[PDB]
>>> print(open('coords.txt').read())   # compact mmCIF, C-alpha atoms and all ligand atoms
# COMPACT_ATOMS: atom_id res chain seq x y z
CA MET A 12 36.34 12.05 -53.49
CA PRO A 13 39.22 9.85 -54.87
CA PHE A 14 37.40 6.91 -56.48
CA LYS A 15 40.74 5.30 -57.79
CA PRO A 16 38.89 4.30 -61.04
CA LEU A 17 41.65 2.31 -62.81
CA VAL A 18 42.48 0.11 -59.75
CA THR A 19 38.77 -0.51 -58.87
CA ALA A 20 37.87 -1.29 -62.53
CA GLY A 21 40.79 -3.77 -62.59
CA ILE A 22 39.71 -5.42 -59.31
CA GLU A 23 36.10 -5.55 -60.59
CA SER A 24 37.01 -7.35 -63.89
CA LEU A 25 39.29 -9.78 -61.90
CA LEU A 26 36.49 -10.65 -59.40
CA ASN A 27 33.87 -10.90 -62.16
CA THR A 28 35.99 -13.25 -64.34
CA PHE A 29 36.91 -15.39 -61.31
CA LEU A 30 33.51 -15.55 -59.49
CA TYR A 31 30.79 -14.54 -61.96
CA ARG A 32 31.78 -16.17 -65.31
CA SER A 33 30.59 -19.67 -64.35
CA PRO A 34 26.79 -20.16 -64.09
CA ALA A 35 27.52 -23.33 -62.00
CA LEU A 36 28.38 -21.00 -59.03
CA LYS A 37 24.92 -19.22 -59.19
CA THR A 38 23.51 -20.80 -55.97
CA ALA A 39 26.78 -20.04 -54.03
CA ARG A 40 26.60 -16.39 -55.30
CA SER A 41 22.90 -16.11 -54.15
CA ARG A 42 24.13 -16.02 -50.49
CA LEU A 43 25.82 -12.65 -51.20
CA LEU A 44 22.91 -10.94 -53.07
CA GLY A 45 22.48 -7.31 -52.04
CA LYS A 46 25.47 -7.48 -49.58
CA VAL A 47 28.11 -4.72 -49.20
CA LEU A 48 31.60 -5.76 -48.11
CA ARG A 49 34.21 -3.11 -47.21
CA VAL A 50 37.86 -4.26 -47.61
CA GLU A 51 40.52 -2.08 -45.86
CA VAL A 52 44.00 -3.16 -46.95
CA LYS A 53 46.46 -2.12 -44.16
CA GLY A 54 49.12 0.31 -45.42
CA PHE A 55 46.83 1.56 -48.23
CA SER A 56 44.92 4.84 -47.90
CA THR A 57 41.74 3.81 -49.80
CA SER A 58 39.05 1.18 -48.99
CA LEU A 59 37.49 -1.17 -51.57
CA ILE A 60 33.70 -1.62 -51.56
CA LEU A 61 32.18 -4.80 -53.05
CA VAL A 62 28.48 -4.69 -53.95
CA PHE A 63 27.05 -8.08 -54.92
CA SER A 64 24.16 -8.45 -57.31
CA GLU A 65 22.93 -11.35 -59.44
CA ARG A 66 24.82 -10.43 -62.64
CA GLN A 67 28.10 -9.24 -61.05
CA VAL A 68 30.06 -7.67 -58.23
CA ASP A 69 30.62 -3.89 -58.50
CA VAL A 70 33.73 -2.40 -56.93
CA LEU A 71 33.97 1.21 -55.67
CA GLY A 72 36.84 3.18 -54.07
CA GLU A 73 34.37 5.49 -52.31
CA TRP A 74 30.98 4.63 -50.67
CA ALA A 75 28.44 6.97 -49.00
CA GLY A 76 26.74 4.43 -46.78
CA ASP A 77 27.26 1.43 -44.53
CA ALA A 78 28.86 -1.93 -45.26
CA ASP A 79 27.18 -5.16 -44.03
CA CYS A 80 30.72 -6.40 -43.23
CA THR A 81 34.16 -4.76 -42.98
CA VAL A 82 37.47 -6.75 -43.25
CA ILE A 83 40.89 -5.33 -42.28
CA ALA A 84 44.16 -7.13 -43.24
CA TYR A 85 47.61 -6.77 -44.85
CA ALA A 86 47.82 -7.56 -48.58
CA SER A 87 49.45 -10.98 -47.99
CA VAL A 88 46.25 -12.23 -46.20
CA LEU A 89 44.17 -11.65 -49.46
CA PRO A 90 45.46 -14.80 -51.34
CA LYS A 91 44.49 -16.81 -48.18
CA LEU A 92 40.75 -15.87 -48.67
CA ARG A 93 40.26 -18.71 -51.28
CA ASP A 94 40.14 -21.34 -48.46
CA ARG A 95 37.03 -21.71 -46.26
CA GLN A 96 38.73 -24.06 -43.75
CA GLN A 97 41.51 -21.51 -42.84
CA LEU A 98 39.31 -18.31 -42.31
CA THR A 99 38.72 -19.18 -38.59
CA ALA A 100 42.53 -19.44 -38.02
CA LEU A 101 43.15 -16.02 -39.73
CA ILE A 102 40.38 -14.38 -37.61
CA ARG A 103 41.71 -16.15 -34.43
CA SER A 104 45.32 -14.94 -35.11
CA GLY A 105 44.09 -11.38 -35.83
CA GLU A 106 45.60 -11.50 -39.37
CA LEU A 107 42.05 -10.77 -40.53
CA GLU A 108 39.94 -8.32 -38.47
CA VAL A 109 36.15 -8.56 -39.00
CA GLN A 110 33.51 -5.91 -38.17
CA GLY A 111 29.75 -6.30 -38.80
CA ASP A 112 28.16 -9.51 -40.13
CA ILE A 113 30.86 -12.26 -40.21
CA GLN A 114 28.52 -14.38 -42.47
CA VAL A 115 29.20 -12.00 -45.45
CA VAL A 116 32.99 -12.78 -45.40
CA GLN A 117 32.35 -16.52 -44.65
CA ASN A 118 30.02 -16.64 -47.69
CA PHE A 119 32.55 -14.76 -49.85
CA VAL A 120 35.47 -17.09 -48.86
CA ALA A 121 33.18 -20.18 -49.43
CA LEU A 122 32.35 -18.74 -52.96
CA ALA A 123 36.06 -18.04 -53.84
CA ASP A 124 36.95 -21.56 -52.63
CA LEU A 125 34.27 -23.12 -54.89
CA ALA A 126 35.45 -20.84 -57.77
CA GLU A 127 38.90 -22.45 -57.84
CA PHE A 128 40.36 -25.95 -58.22
CA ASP A 129 42.96 -26.72 -55.49
CA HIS B 6 37.10 -14.33 -71.71
CA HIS B 7 33.89 -15.44 -73.60
CA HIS B 8 33.42 -18.91 -71.93
CA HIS B 9 31.94 -20.70 -68.81
CA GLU B 10 35.15 -22.69 -67.93
CA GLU B 11 36.78 -21.92 -64.48
CA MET B 12 40.28 -20.33 -65.02
CA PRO B 13 43.17 -20.02 -62.44
CA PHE B 14 43.54 -16.93 -60.21
CA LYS B 15 47.29 -16.26 -60.94
CA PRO B 16 46.97 -15.57 -64.82
CA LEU B 17 43.94 -13.34 -63.96
CA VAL B 18 46.11 -11.28 -61.48
CA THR B 19 48.97 -10.81 -64.07
CA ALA B 20 46.49 -9.99 -66.89
CA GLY B 21 44.83 -7.45 -64.54
CA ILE B 22 48.19 -5.89 -63.53
CA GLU B 23 49.16 -5.73 -67.23
CA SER B 24 45.94 -3.96 -68.26
CA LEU B 25 46.39 -1.46 -65.35
CA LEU B 26 50.05 -0.66 -66.12
CA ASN B 27 49.39 -0.17 -69.85
CA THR B 28 46.46 2.24 -69.28
CA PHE B 29 48.41 4.18 -66.61
CA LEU B 30 51.89 4.31 -68.24
CA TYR B 31 51.49 3.59 -71.96
CA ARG B 32 48.29 5.41 -73.04
CA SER B 33 49.85 8.89 -73.07
CA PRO B 34 52.38 9.71 -75.85
CA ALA B 35 53.61 12.62 -73.60
CA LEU B 36 55.45 9.95 -71.48
CA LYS B 37 57.40 8.54 -74.48
CA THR B 38 60.84 9.91 -73.41
CA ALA B 39 60.36 8.63 -69.81
CA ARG B 40 59.34 5.17 -71.17
CA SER B 41 62.43 5.04 -73.49
CA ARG B 42 64.68 4.60 -70.39
CA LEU B 43 62.98 1.22 -69.68
CA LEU B 44 63.04 -0.21 -73.27
CA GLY B 45 64.05 -3.86 -73.34
CA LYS B 46 64.31 -4.03 -69.49
CA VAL B 47 63.10 -6.96 -67.35
CA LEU B 48 62.04 -6.06 -63.79
CA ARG B 49 61.32 -8.90 -61.34
CA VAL B 50 59.02 -7.91 -58.45
CA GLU B 51 58.94 -10.31 -55.43
CA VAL B 52 56.10 -9.28 -53.14
CA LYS B 53 56.90 -10.48 -49.57
CA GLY B 54 54.21 -12.82 -48.20
CA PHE B 55 53.20 -13.95 -51.73
CA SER B 56 54.58 -17.19 -53.19
CA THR B 57 54.87 -16.04 -56.85
CA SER B 58 56.94 -13.32 -58.67
CA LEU B 59 55.76 -10.66 -61.14
CA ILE B 60 57.88 -10.06 -64.25
CA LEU B 61 57.57 -6.79 -66.13
CA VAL B 62 58.97 -6.67 -69.71
CA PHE B 63 59.09 -3.16 -71.19
CA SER B 64 58.79 -2.69 -74.97
CA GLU B 65 57.94 0.46 -77.03
CA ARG B 66 54.11 -0.03 -77.27
CA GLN B 67 53.46 -1.89 -74.00
CA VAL B 68 54.67 -3.54 -70.79
CA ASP B 69 54.02 -7.33 -70.58
CA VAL B 70 53.44 -8.96 -67.18
CA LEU B 71 54.28 -12.64 -66.51
CA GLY B 72 54.17 -14.96 -63.52
CA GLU B 73 57.35 -16.87 -64.55
CA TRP B 74 60.68 -16.08 -66.19
CA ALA B 75 63.43 -18.66 -66.73
CA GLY B 76 65.82 -15.94 -68.01
CA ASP B 77 67.77 -13.04 -66.48
CA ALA B 78 66.14 -10.01 -64.83
CA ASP B 79 67.91 -6.66 -65.19
CA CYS B 80 66.57 -5.58 -61.78
CA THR B 81 64.91 -7.49 -58.92
CA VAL B 82 62.90 -5.69 -56.21
CA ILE B 83 61.77 -7.29 -52.90
CA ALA B 84 59.20 -5.51 -50.74
CA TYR B 85 55.87 -5.78 -48.95
CA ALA B 86 52.83 -4.52 -50.99
CA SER B 87 52.37 -1.59 -48.49
CA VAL B 88 55.53 0.09 -49.97
CA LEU B 89 53.75 0.59 -53.35
CA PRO B 90 51.78 3.70 -52.02
CA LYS B 91 55.15 4.92 -50.49
CA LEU B 92 57.13 5.10 -53.79
CA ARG B 93 55.54 8.32 -55.16
CA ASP B 94 58.84 10.11 -56.04
CA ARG B 95 62.60 9.26 -56.37
CA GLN B 96 63.28 11.16 -53.07
CA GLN B 97 61.19 8.55 -51.20
CA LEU B 98 62.76 5.74 -53.28
CA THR B 99 66.26 6.49 -51.81
CA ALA B 100 64.77 6.48 -48.23
CA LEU B 101 62.94 3.14 -48.85
CA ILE B 102 66.17 1.55 -50.24
CA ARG B 103 68.22 3.08 -47.34
CA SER B 104 65.74 1.68 -44.71
CA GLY B 105 65.69 -1.75 -46.42
CA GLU B 106 61.87 -1.52 -46.94
CA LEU B 107 62.72 -1.99 -50.62
CA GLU B 108 65.56 -4.46 -51.42
CA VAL B 109 67.20 -4.00 -54.83
CA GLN B 110 69.32 -6.55 -56.76
CA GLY B 111 70.81 -5.80 -60.19
CA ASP B 112 70.55 -2.43 -61.92
CA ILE B 113 69.06 0.14 -59.47
CA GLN B 114 68.56 2.53 -62.47
CA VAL B 115 65.63 0.36 -63.75
CA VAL B 116 63.56 0.85 -60.54
CA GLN B 117 64.62 4.56 -60.37
CA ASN B 118 63.44 4.90 -64.01
CA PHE B 119 60.19 3.04 -63.28
CA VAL B 120 59.37 5.22 -60.19
CA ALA B 121 60.29 8.39 -62.21
CA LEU B 122 57.88 7.19 -65.01
CA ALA B 123 54.97 6.48 -62.55
CA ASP B 124 55.56 9.92 -60.95
CA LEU B 125 55.39 11.66 -64.36
CA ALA B 126 52.28 9.50 -65.25
CA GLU B 127 50.51 11.18 -62.28
CA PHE B 128 51.68 14.70 -63.43
CA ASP B 129 50.55 14.10 -66.99
CA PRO B 130 46.71 14.59 -66.79
CA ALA B 131 46.10 12.24 -69.79
CA CA C 201 38.97 -24.23 -53.97
CA CA C 202 50.80 -9.88 -72.18
CA CA C 203 71.25 -9.39 -65.16
CA CA C 204 68.09 -7.42 -70.17
CA CA C 205 53.85 11.13 -57.52
CA CA C 206 48.25 10.45 -66.45
TB TB C 207 34.18 8.70 -48.20
TB TB C 208 62.00 -15.73 -55.20
>>> encode(input="coords.txt", output="structure tokens")
Amino acid sequence: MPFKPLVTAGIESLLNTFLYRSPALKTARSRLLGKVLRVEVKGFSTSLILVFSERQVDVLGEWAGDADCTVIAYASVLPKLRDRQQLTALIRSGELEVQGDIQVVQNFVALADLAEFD
Amino acid sequence: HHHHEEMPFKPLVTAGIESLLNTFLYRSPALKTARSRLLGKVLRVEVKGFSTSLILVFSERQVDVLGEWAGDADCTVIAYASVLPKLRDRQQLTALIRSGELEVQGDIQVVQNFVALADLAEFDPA
């Protein structure tokens, strides 16, 4: 199946430098341990699968299995997922569609928010 | 890089796009003649819904990606990210420009040459 290896490797390195380089974020990352988040970017044919472990997040373009959480949005909603206080508004407006366990995306957005200085 | 210090998201996005474009377009010497058409060109990409631009600077051994450019761009493209999977060939490029899904300012030949390069990068199995 099309794994899109160059794009997924690039997204993986980006997410690992941003979220996993700092050991100060360890306890915030512990909330996502063993979780599988499926990201469907509207207009794109392939899904992105994020598998969280202690050392890093692995990204795949193809997954045989279930995701704990699935998020559907247009590309312009992705930069908005670095703010915990605006996730409820995005979900309410339908800009971000959530299937499965909403806690997985809430925990991810809380992590990304703590990863970056405003 | 090798450090514990928190670094901004924007330079990580441009570094990531740069790495991607160089592996995809610049690794294969078979694409040399297609790359020659973009030498010295500056392509500004404004992704609708995003606040910041992407600047692509084509040289012989690589394309550099920046988040800012005080100078002159040879071509400026404005589109939503969902048009990227739609610009496979030059036939589709004309339809996207005709429909206004892709807005072009400056030299249209730069984006035609870029799309023609990406299309040949897919044909070339390297
Ligand atoms: Ca923050
Ligand atoms: Ca560079
Ligand atoms: Ca000019
Ligand atoms: Ca120029
Ligand atoms: Ca193609
Ligand atoms: Ca190739
Ligand atoms: Tb599948
Ligand atoms: Tb602008």
>>> atom_distance(input="coords.txt", atom1="atom CA of residue B:79", atom2="atom CA of residue B:109")
10.7 Å
>>> interface_residues(input="coords.txt", of="chain A", to="chain B", cutoff="6 Å", atoms="only C-alpha atoms", output="JSON, numbers by chain")
{"A": [21, 32, 33, 54, 87]}
>>> atom_distance(input="coords.txt", atom1="atom CA of residue B:128", atom2="atom CA of residue B:34")
13.4 Å
>>> residues_near_ligand(input="coords.txt", ligand="ligand CA 201 (chain C)", cutoff="12 Å", atoms="all atoms listed in the file", output="list in words")
residues 29, 30, 90, 91, 92, 93, 94, 95, 96, 97, 120, 121, 122, 123, 124, 125, 126, 127, 128 and 129 of chain A; 11, 12, 13 and 14 of chain B
>>> residues_near_ligand(input="coords.txt", ligand="ligand CA 205 (chain C)", cutoff="9 Å", atoms="all atoms listed in the file", output="PyMOL selection string")
chain B and resi 92-94+120-121+123-128
>>> atom_distance(input="coords.txt", atom1="atom CA of residue B:95", atom2="atom CA of residue B:114")
10.9 Å
>>> residues_near_ligand(input="coords.txt", ligand="ligand CA 203 (chain C)", cutoff="9 Å", atoms="only C-alpha atoms and all ligand atoms", output="ChimeraX atom specification")
/B:47,76-80,111-112
>>> write_last_selection(input="coords.txt", atoms="C-alpha atoms", output="PDB file, in the frame of the given file")
ATOM      1  CA  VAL B  47      63.100  -6.960 -67.350  1.00  0.00           C
ATOM      2  CA  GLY B  76      65.820 -15.940 -68.010  1.00  0.00           C
ATOM      3  CA  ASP B  77      67.770 -13.040 -66.480  1.00  0.00           C
ATOM      4  CA  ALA B  78      66.140 -10.010 -64.830  1.00  0.00           C
ATOM      5  CA  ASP B  79      67.910  -6.660 -65.190  1.00  0.00           C
ATOM      6  CA  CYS B  80      66.570  -5.580 -61.780  1.00  0.00           C
ATOM      7  CA  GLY B 111      70.810  -5.800 -60.190  1.00  0.00           C
ATOM      8  CA  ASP B 112      70.550  -2.430 -61.920  1.00  0.00           C
TER       9      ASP B 112
END
>>> residues_near_ligand(input="coords.txt", ligand="ligand TB 208 (chain C)", cutoff="8 Å", atoms="all atoms listed in the file", output="list in words")
residues 51, 56, 57 and 58 of chain B
>>> residues_around(input="coords.txt", residues="residue A:111", least_positions_apart="5", cutoff="12 Å", atoms="all atoms listed in the file", output="list in words")
residues 46, 47, 48, 49, 77, 78, 79, 80, 81, 82, 83 and 116 of chain A
>>> residues_around(input="coords.txt", residues="residue B:82", least_positions_apart="3", cutoff="8 Å", atoms="all atoms listed in the file", output="PyMOL selection string")
chain B and resi 48-51+107-110+116
>>> axis_aligned_box(input="coords.txt", around="stretch 10-20 of chain B", padding_each_side="6 Å", output="AutoDock Vina command-line options")
--center_x 42.1 --center_y -16.3 --center_z -64.1 --size_x 25.8 --size_y 24.7 --size_z 19.7
>>> closest_residue(input="coords.txt", among="A:63, A:57, A:89, A:106", to="residue A:12", atoms="all atoms listed in the file")
A:57
>>> residues_near_ligand(input="coords.txt", ligand="ligand TB 207 (chain C)", cutoff="12 Å", atoms="all atoms listed in the file", output="count of residues only")
16
>>> residues_around(input="coords.txt", residues="residue A:44", least_positions_apart="4", cutoff="8 Å", atoms="all atoms listed in the file", output="ChimeraX atom specification")
/A:40,63-65
>>> residues_around(input="coords.txt", residues="residue B:45", least_positions_apart="4", cutoff="8 Å", atoms="only C-alpha atoms", output="PDB file with C-alpha atoms, in the coordinates of the input")
ATOM      1  CA  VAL B  62      58.970  -6.670 -69.710  1.00  0.00           C
ATOM      2  CA  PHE B  63      59.090  -3.160 -71.190  1.00  0.00           C
ATOM      3  CA  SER B  64      58.790  -2.690 -74.970  1.00  0.00           C
TER       4      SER B  64
END
>>> residues_around(input="coords.txt", residues="residue B:65", least_positions_apart="3", cutoff="9 Å", atoms="only C-alpha atoms", output="VMD selection string")
chain B and resid 31 37 40 to 41 43 to 45 68
